[PDB]
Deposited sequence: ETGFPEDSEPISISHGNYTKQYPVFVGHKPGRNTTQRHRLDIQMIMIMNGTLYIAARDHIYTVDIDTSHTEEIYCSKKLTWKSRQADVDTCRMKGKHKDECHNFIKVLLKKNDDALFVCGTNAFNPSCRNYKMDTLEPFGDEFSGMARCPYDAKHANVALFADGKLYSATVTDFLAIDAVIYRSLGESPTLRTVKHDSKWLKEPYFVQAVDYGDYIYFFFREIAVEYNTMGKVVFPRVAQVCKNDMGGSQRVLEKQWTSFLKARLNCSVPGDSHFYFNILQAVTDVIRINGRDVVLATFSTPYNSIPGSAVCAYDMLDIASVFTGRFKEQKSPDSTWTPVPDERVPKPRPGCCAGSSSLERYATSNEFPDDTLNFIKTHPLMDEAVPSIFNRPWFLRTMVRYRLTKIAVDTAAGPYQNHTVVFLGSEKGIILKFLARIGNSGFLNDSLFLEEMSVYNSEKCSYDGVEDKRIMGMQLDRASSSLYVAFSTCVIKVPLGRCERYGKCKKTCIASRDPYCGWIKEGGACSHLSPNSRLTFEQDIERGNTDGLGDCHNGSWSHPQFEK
């Protein structure tokens, strides 16, 4: 049978979460994303980007620290409306925000369907130079999803190049290196992809996205989750083949399924966390969901970076004849430099840079970008499952150092309806424990002109302040990680909750947030919560 959805140990409704601090304004914001650098919290929004000092103050209302202003020129707001887009869509929506170095800031905005980037100082939030072009680095439409990541001084981005958003591409520039892009109008590389996240690991950059499956074309248009690697030291192909194109781009399907007689695959990838160490294994967690025109369901799978790096060393898959089953290419026919290994690595020392790759290998990787095997998840089964709810899990944040002794693993999940799910992943079959479920949306302070958009735009965990910042389209909420205050004087509940961030203190006499290095003696039962002899 199918695993049943576990019951939340505790439930927190909007009635209780109506007291958490909310950013709001101090008009709409159209918040796009949130990231944390040191103690500063950056809120990327329409025509603006705010900063919040996390280490300062706890007032009921969050007040902005510094406010950067970047409005599109009138000469550009008009040239966007003339094209056909709505007035509401012809503004400067910040869709790229990365740290360039120790003091610079790299910010790109849609700028009324005309992407343009600009460098900013971190200490004074002021422009640092002229606006260079934003093509292939920032999307045109604020509704689209885009990825950007700085690695070894270079900028890796993935978005659409054209006004109509038809030519999606992965791009690289600004790294004192030549620019590279995927083959234009080549469905074998990317077929209407939807980029989600990119991570830096070892000598490769991994892009996680979903796209129309090329091998599963018998049924029709089906969306499959993919992971794609690109070497960090790639410098393009030769003058004749794959010039200004990737020479190490390979992709493989993500396997997030419940193994049985007939496996059930979750295909719609929603979010992917960065590389996080967990039980001595570099691992990334990813949330997958069922298609929009199917029964609602969501699953969280974890993937070991070693398994990811190992799936790109396997055999490739091809179509021997058009409209036929895909078969794994035998190794005896692959030329022997391995397609996808970075120049100057083991057994490839004879090739200085990618420019010296033989023509035949460039052609092979141009016509065979898809790997045969699928990336196996940890334990070959999803870590978490929800199938009896109407909402769809999207964002995911993980705390690999949660608890008093910093040896737990707590994963936070967002949803398209504003509900936060929290479960204690264990690291050797993992029993798992769905700790709590909570509605964080605050209609009193987030609704604008009687409109309710609950889609979570981002989640950022702040271990220093024991808080989790959840950003909505019109507001940002500071949700405490522990929520110990709700339990209060009910020791029976404080122990039965089995919450790592909480505990019981006889000195104070109440349930309260537990500091990582709190000399006060705490009582908790994370292993097994026995309420016998206490309550109610």
query: Given the full deposited sequence, which segments carry no C-alpha coordinates?
result: 1-2, 29-37, 439-442, 552-564
